[PDB]
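Protein chains in written order, with the deposited numbering: chain H, 42 to 293; chain L, 41 to 295; chain G, 43 to 295; chain D, 43 to 292; chain P, 42 to 68, 75 to 183, 188 to 294; chain O, 50 to 185, 193 to 293; chain C, 42 to 294.
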Amino acid sequence: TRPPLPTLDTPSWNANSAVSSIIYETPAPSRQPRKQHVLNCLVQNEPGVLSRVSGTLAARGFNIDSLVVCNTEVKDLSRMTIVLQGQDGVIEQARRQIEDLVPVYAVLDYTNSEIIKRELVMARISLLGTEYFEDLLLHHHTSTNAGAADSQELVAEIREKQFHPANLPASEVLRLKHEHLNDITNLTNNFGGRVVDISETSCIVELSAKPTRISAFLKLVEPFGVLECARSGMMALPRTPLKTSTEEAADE
Amino acid sequence: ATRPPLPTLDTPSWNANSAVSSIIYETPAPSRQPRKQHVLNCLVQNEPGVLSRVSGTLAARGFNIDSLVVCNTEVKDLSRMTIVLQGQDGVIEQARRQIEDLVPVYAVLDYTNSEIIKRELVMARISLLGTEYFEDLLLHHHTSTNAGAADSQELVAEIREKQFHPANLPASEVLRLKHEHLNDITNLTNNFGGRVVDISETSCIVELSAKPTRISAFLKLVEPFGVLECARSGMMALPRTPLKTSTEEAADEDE
Amino acid sequence: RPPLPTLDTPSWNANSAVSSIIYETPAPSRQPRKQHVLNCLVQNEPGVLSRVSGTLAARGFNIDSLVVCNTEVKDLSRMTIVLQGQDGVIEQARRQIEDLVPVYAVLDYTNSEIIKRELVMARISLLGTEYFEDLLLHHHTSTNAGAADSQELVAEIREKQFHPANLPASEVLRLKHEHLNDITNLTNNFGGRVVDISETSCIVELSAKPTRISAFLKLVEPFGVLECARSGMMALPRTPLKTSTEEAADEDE
Amino acid sequence: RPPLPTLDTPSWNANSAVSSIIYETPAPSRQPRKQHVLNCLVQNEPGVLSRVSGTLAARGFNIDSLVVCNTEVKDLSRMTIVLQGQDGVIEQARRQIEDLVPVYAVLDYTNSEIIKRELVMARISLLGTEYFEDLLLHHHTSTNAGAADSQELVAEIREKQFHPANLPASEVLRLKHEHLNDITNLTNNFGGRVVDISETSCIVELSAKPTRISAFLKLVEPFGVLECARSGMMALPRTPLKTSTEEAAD
Amino acid sequence: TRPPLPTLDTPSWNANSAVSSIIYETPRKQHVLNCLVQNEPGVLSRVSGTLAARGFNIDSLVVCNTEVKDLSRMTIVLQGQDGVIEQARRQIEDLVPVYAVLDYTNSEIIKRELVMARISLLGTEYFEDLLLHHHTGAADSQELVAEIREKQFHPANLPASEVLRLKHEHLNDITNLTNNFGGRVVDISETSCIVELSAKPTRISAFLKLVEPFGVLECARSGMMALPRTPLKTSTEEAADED
Amino acid sequence: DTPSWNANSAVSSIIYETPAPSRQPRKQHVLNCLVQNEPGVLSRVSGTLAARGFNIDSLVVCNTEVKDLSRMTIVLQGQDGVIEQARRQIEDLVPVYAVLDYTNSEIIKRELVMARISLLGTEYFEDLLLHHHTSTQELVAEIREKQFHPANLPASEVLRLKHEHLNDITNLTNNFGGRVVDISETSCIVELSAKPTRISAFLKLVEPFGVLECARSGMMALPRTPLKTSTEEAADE
Amino acid sequence: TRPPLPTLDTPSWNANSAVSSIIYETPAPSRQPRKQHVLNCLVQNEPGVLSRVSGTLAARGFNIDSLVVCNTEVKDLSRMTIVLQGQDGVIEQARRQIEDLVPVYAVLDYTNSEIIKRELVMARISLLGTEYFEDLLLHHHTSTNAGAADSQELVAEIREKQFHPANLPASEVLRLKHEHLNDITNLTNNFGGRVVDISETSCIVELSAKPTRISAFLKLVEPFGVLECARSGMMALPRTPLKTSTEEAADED
Ligand SMILES: Nc1ncnc2c1ncn2[C@@H]1O[C@H](COP(=O)(O)OP(=O)(O)OP(=O)(O)O)[C@@H](O)[C@H]1O
Ligand SMILES: Nc1ncnc2c1ncn2[C@@H]1O[C@H](COP(=O)(O)OP(=O)(O)OP(=O)(O)O)[C@@H](O)[C@H]1O
Ligand SMILES: Nc1ncnc2c1ncn2[C@@H]1O[C@H](COP(=O)(O)OP(=O)(O)OP(=O)(O)O)[C@@H](O)[C@H]1O
Ligand SMILES: Nc1ncnc2c1ncn2[C@@H]1O[C@H](COP(=O)(O)OP(=O)(O)OP(=O)(O)O)[C@@H](O)[C@H]1O
Ligand SMILES: Nc1ncnc2c1ncn2[C@@H]1O[C@H](COP(=O)(O)OP(=O)(O)OP(=O)(O)O)[C@@H](O)[C@H]1O
Ligand SMILES: Nc1ncnc2c1ncn2[C@@H]1O[C@H](COP(=O)(O)OP(=O)(O)OP(=O)(O)O)[C@@H](O)[C@H]1O
Ligand SMILES: Nc1ncnc2c1ncn2[C@@H]1O[C@H](COP(=O)(O)OP(=O)(O)OP(=O)(O)O)[C@@H](O)[C@H]1O
Ligand SMILES: [Mg+2]
Ligand SMILES: [Mg+2]
Ligand SMILES: [Mg+2]
């Protein structure tokens, strides 16, 4: 009798089921027109400049997603990155505005340009698991106005869970703590971030990426439990797009 | 007082006989595969209809082509095609002379019996929910073709009542198993020199570029986790020159 | 025997070594006051950034940085503020903002351990520093009326030894990648990252405390900073973790 | 369709969020006080260490650390002393040290931007908290009394769920490397490294500032620190580089 | 009414029990020769044959090519007193095909040794069961394997989902272990893996003792190679001259 | 202005660079003996091969951490009928369990090289190699007259060249999966373990810097496992 | 025609010349004896206990090389690693002499035992090259022989050398700074150290290793010009030399 080991027996697709899988899982409707426009305002640093442009955009019917003032290491000069939605006619109007303001130099449009979008996020994440996160969340809500009465029936359920620290040994909760810490660390690493702080029950992460990616990280790291988050607005700096000599000289 | 006890493992040791008995037993088999596959490299002038003309010729003569990929060099009106064939030297050489005679081609080189760098690209979406879920997910799409219901209930109920199926696991343990599987796959693709380009709630996408014999081994190791979606290229190559030391090349004993 | 010149590295004397350490001393930072940090917990409503910034502008508050950060909580934001002044002035500034309807509370991070950080993106030329000295003058000539002294100095610059107009194509190429390498290793020592590489420039990315950011830009300055963009300042509080043996501070009683 | 249970993790609201953030605010600053760092440049004469340490001991000075270290210069030594007290007392200490004739001068790196470094080497168990809790009790009853006391402690620590004696050797083997990986991640993150790996323990080294080096030992404390060896603090002044657009306020 | 979090309750040493543990936990030299030999036909059997005829207790003998035409260097490791090793050195040096044999014992050298090992990714129970099979005496051993295949964490007593997770857990443990040492993982299979390590003989032997519980299926240790390094010390240490 | 390849000139360069068959139809035969560690087993395995005229390239006795058991990875050339003959000769020896044939198996070949490489440039190495050559003549002044020779450079240079060379050697060593284990004032020692042909490539690339000492040893072998997917495993018949 | 190349082939060794170099470069066995001894004192923290032990070693003429007080994470317990050279007879006398002290528990002898030796060094290294370093050195060497400025002729030949920054364009001294910096960085990376500070002129390296590697490293960075240096005494923490199941089976009687 040779040393026995159970065959896992991994099932394999056929051409039919494989197609139906790709067909079904592929985002066929995709999304509605999401396209956002970005602007780069070059303003002069005067005692009252931020309130002007930010207030001017508010004076009109403009929806502003983000607006950040960036110092450019030049005396009395600031670069402002504005993110807004709408259509080309409305955006150009907003771009034609602000530029007319005298403390500004120019308002460039990077919407149809190849740029580098970068936000900065810093978040403290719990290492005590999901059960503790529900416990902590319900606690800061049941203090006042969590309905029309108490929530002790809900609290008792969360603390009745299997993987709640109150039901686990000190050695087991320690390993799950470092297991979670590593899981967060590996997510942060793949996204190209850092772990700048490690405490007894939490850790602080730091990540710089485009809004598309920097929010995808927050979704993947959400189940661990975000205790405190801070996400900056979008910074923009146009890169220099390069194409090979063969693909270049496309004079036609 | 006694010292804190420890259950001694005492890992058993080999002896001279059982060790040799193990090595001999674990021996594979020589020449389990026939003659090594042949790799051809076409230098084709980039004019409209070349892909249909070349590939159409091989199909019109019944040549067992394993893979054919056209690569765009950084030269105007010049493309490179890498073809993989099977068969005797006499049949494959004829295939070379048949393609090279075509008008829009410059020359068809034979890369077999030559030191080359074979490369291939694969991108695969891998499930993080585990083995049990993959059995459920795959069998679910099979019922869209099998047109069976009452008979398949014996299978799906058997699967969903397994221990490590997500339905039977708490939400906190499924989360850990997702990242445990993720860390396993990530460590697995890193050893192969690959990347993890996408991470989701339920799956991840790995990217790897290596020789076919390397990728197939990779896709076999990742297979138990459950490959939801795969894209594997043909095969391209670039000739290598085997360097030898001045002492080794000085051995010109051609007497 | 095959000869090689002894470089003969001289050693310090006990007095000469002490003399240098003292001469290179000090660079003291006995500042009149630190940089006070405030953190406003703010409800999201139309024209709320104009309110906080406007209130600080209406009064004689010398603020340095004001950046609004978004939490993953619906209708909730953070405003990390950095300003100058004394304890009495800024505490009054804290109560000024806190009385505003949209805000919930304004915390003070001045006397607390926080993680100061700001993002910075810079475009740096890979060509010589003399090329940057030429490019600098060219855009200034496009500002100040008339060339005049421009043609007198541009001749002095363009005749320097390591100007890309006085070197073969292979030399400048090897100089661009050498400059590129020197920059990449600078942004590697710092927690940075090179995100773009052009034919005559490159873009670096760095996120750290304003101390390192200011230090980093000072180091890449000689190469020639074409563009720059520094964030305000973000902050997250951290609690100083002390050992169990260091609970003797509790035994101090 | 496959089941797959949901992970409806609760979301913060405006009220509960600001309530938690406010709750996590300190006093702040009740204890202790600011530390002073001094740097002595002394002649390497026989008995200098006895002079300086003896001087600070004879006086009413509470020194935290004192580190002698060579400087690759003949008969020249450098010492880094960490003080405790008001600025007046510290300066009084500095002058009394400098007044000694084997020392050239004594610098004050307190208000200066310096690089603080301290070395640590600790052997950390891999058998978990239960075994470490057992290990301490065995060595404590070997110095306290020869009687068979604390019977309901050794019996309580043992027969615990994750004590090695209650696990198969397979799990203990994995737990060793599981703990090892956790510790290794701490060291790699803190900028340290593992220099030794035994069957039931490992030795890690770490060179960082005193504040950072203490936070590390607190994180690796629950794993069980068998031996430890924290160096004293070394200090070297750096050259701070503010940007070129600072100009002047007045 | 705040979320319950059980304290670790981690105990701490006192001054007495600490030093008590330190006291309790407180506890021949090899000779290395390097022969410079002209690569004559059948010279390995000439040197090794000499060491056997004279009755020496040599540990290793690895022949290395110096990348020079008709020149090889042999690193020989042997134990014994300083007197008997000099005899072994002189005995070899007298051989015609050898140039000179150097004594690398009293010198700071870089001792190296290559090891390739195949380690099972399955549990230690499977390894304990696998050895019994190849050792198989099938009469009384039928009861022994019963005590083995009964144990949990044996692949036969676990779902394939967990076994798969155990394979990679052990794999990551071996990988993290071989990464601390100057090693690497070369081959990964669905049952085992192959590691490669090169360091001083003490490190290899230490590494194999650590990877031992996982169950080493197949191993291969090279002889000890040696290459002398020159110890560098500072100028103030170089100036420390005594008459 | 950087020039570009022509559609025709590109093809010409490819076929011109494409190497002629620089290898025999025969291949690298690898035999792995499983021997009993008896006194004098090494001398008789070698003796049997040497007395019958077999072109062996290496031997390498390897311990297997099993009591009184060793294994030898023998590499030789010749026809299949000759190698099989050489195999049967060794296996017939009574302290030999079996001699496995790896000449047609997926194996992992490993040589281990340690070499001290000079950092003082090609000029100094050319001088040093000529100095030690004179044993058992106007070139010594011709070499020491060349540019970039240490004696013809300032003290600030050479130091800057030594580390430049050090960086080059390190980058070569890193790419091949090796490491620099020692850094002398005028040289450095590298350590590399890989395929014998990969070692030969490394010792050729690092050759111009000057190889002071070298130790290549021999090749070790351990069988790999050809894993293929479930759709390539179902490619039977 | 054909594309030319400057050289044909690199020269090779022969069996006679190869063994000639190996025998010649093989180190002379001078330091066969003369080993150092490592002691570890488990001491109770009494007021002025350091000056008590160090005073004992000095008063009895013991040749100690380093004495470092390490703090354990235990109340009132500190260990001291004493490194001293001498013969076995004298060292044991030193050990027994120290151990006889009241505040010490016991003194262990880590000599002939597998321990982890570790020193910590922080050094400031110039990036301006060799010429500038012997200029800066001679500058603070003016403490002696300042009569009639006799150092002028010694200074003159220094500042008139090719790669002295005063004779180089500022564009080249920049690349020379970073080239030197990368030579130091790739050097300290090899030893397991790290560069923690980079400035306009110099940089600070940090390396923790056994005293042998520390000294070897300082000998390699010495030519670049070490401005400041600080290396602590070694710390000692014994390890456990493991050996395989067939290695430990050397139970021969
Ligand atoms: N679910 C995700 N959403 C967004 N980003 C992800 C996700 N998963 C991983 N990433 C990050 O995306 C990175 C891969 O992007 P990559 O480096 O290849 O740039 P890219 O090819 O230009 O992609 P894109 O064209 O979308 O910008 C991963 O290394 C990882 O850091
Ligand atoms: N089961 C496997 N089959 C094939 N390749 C594997 C397998 N497991 C791992 N690999 C990959 O092979 C790599 C090792 O290949 P290696 O670096 O030795 O190339 P090599 O020296 O040229 O040898 P070979 O000629 O066999 O490819 C591993 O790092 C890993 O990335
Ligand atoms: N000239 C410089 N000025 C400021 N920071 C620098 C300079 N050069 C390098 N750095 C950065 O300082 C970092 C070292 O700081 P470290 O990681 O040791 O934190 P630290 O021990 O708390 O010291 P600090 O108080 O200065 O922050 C380097 O990794 C490097 O990125
Ligand atoms: N000149 C360049 N052109 C294109 N890509 C570059 C260039 N220089 C660097 N890169 C690559 O871009 C990478 C950084 O972009 P990354 O993909 O990581 O973020 P991203 O925001 O997703 O980029 P993008 O939005 O342009 O797709 C670099 O790591 C580098 O590999
Ligand atoms: N709980 C902790 N306490 C102290 N340091 C930690 C802690 N957790 C992590 N670290 C370390 O802090 C480091 C991050 O600090 P960093 O290198 O950025 O210096 P910094 O920007 O000057 O901040 P700081 O002033 O706190 O030193 C991480 O490398 C991390 O290893
Ligand atoms: N139990 C062990 N036995 C031997 N070597 C180990 C062990 N554990 C780890 N190692 C390896 O030893 C390495 C540390 O070696 P190190 O750099 O300190 O050399 P060293 O300073 O000369 O000290 P030593 O004399 O002990 O070799 C670890 O990085 C690790 O790779
Ligand atoms: N000239 C040198 N002197 C001392 N150490 C050096 C020198 N050059 C490099 N090193 C460092 O020594 C390291 C090699 O140490 P290694 O890992 O081989 O430990 P080891 O096997 O115990 O060697 P040893 O017995 O000599 O201590 C190099 O990686 C490098 O970091
Ligand atoms: Mg810091
Ligand atoms: Mg070592
Ligand atoms: Mg390969």
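Note that beta-carbon positions come from the ideal geometry of N, C-alpha and C, so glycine has one too.
Item: What residue range is occupied by the uninterrupted beta strand (DSSP E) comprising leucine 161(G)?; Value: 160-167
Item: Contact defined as beta carbons within less than 8 Å: I believe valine 60(G) pairs with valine 145(G). What is the distance between those atoms, to the nearest angstrom?; Value: Not quite, the Cβ-Cβ distance comes to about 56 Å (not below 8 Å), so this is no contact.
Item: Kindly provide the ranges of any beta strand (DSSP E) runs that are 3 or more residues long and lie completely inside the segment 187-263 of chain C, ordered along the chain.; Value: 235-239, 243-250
Item: Do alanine 207(L) and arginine 200(L) have their C-beta atoms closer together than 9 Å?; Value: yes
Item: Could you please tell me which residues of the segment 249-269 of chain H, in chain order, have their CB closer than 7 Å to any CB of chain P?; Value: none
Item: Could you list which residues in chain H have their beta carbon closer than 7 Å to that of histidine 180(P), in chain order?; Value: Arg43, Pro44
Item: If we cut at 9 Å on Cβ distances, does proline 47(P) have a partner in chain O?; Value: no
Item: Please confirm whether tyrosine 65(H) has its beta-carbon closer than 9 Å to some beta-carbon of chain P.; Value: no
Item: Taking only heavy atoms of ligand 4 into account, decide whether any of them is closer than 8 Å to the Cβ of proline 70(G).; Value: no
Item: Given the structure, does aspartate 238(C) come close to ligand 3, in the sense that its CB is under 8 Å from one of the ligand's heavy atoms?; Value: yes
Item: Ligand 5 and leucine 283(G): does the residue's C-beta get closer than 8 Å to at least one heavy atom of that ligand?; Value: yes
Item: Report buried or exposed for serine 184(H), applying the criterion of at least 16 other Cβ atoms within 10 angstroms of its Cβ.; Value: exposed
Item: From the DSSP output, which residues share a beta bridge with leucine 80(P)?; Value: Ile123(P), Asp150(P)
Item: Assuming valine 131(H) contacts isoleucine 139(H) (C-beta within less than 8 Å), just tell me the rounded distance between them.; Value: Contact flag wrong, Cβ pair sits at about 14 Å.
Item: When you compare only the Cα positions, how much space is there between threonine 51(C) and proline 264(O)?; Value: 6 Å
Item: Taking 9 Å as the CB-CB limit, is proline 68(H) close to chain G?; Value: no
Item: Work out the CA separation of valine 246(P) and residue 374(L) for me, nearest whole Å.; Value: Since the first and last residues shown for chain L are 41 and 295, residue 374(L) lies out of range.
Item: Taking Cβ to Cβ, would you say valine 196(O) is nearer than 9 Å to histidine 180(O)?; Value: yes
Item: How would you label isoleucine 64(O), buried or exposed, when you count the other beta carbons within 10 angstroms and need 16 or more for buried?; Value: exposed
Item: Closer than 8 Å to a non-hydrogen atom of ligand 1 - does that hold for the CB of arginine 254(H)?; Value: yes
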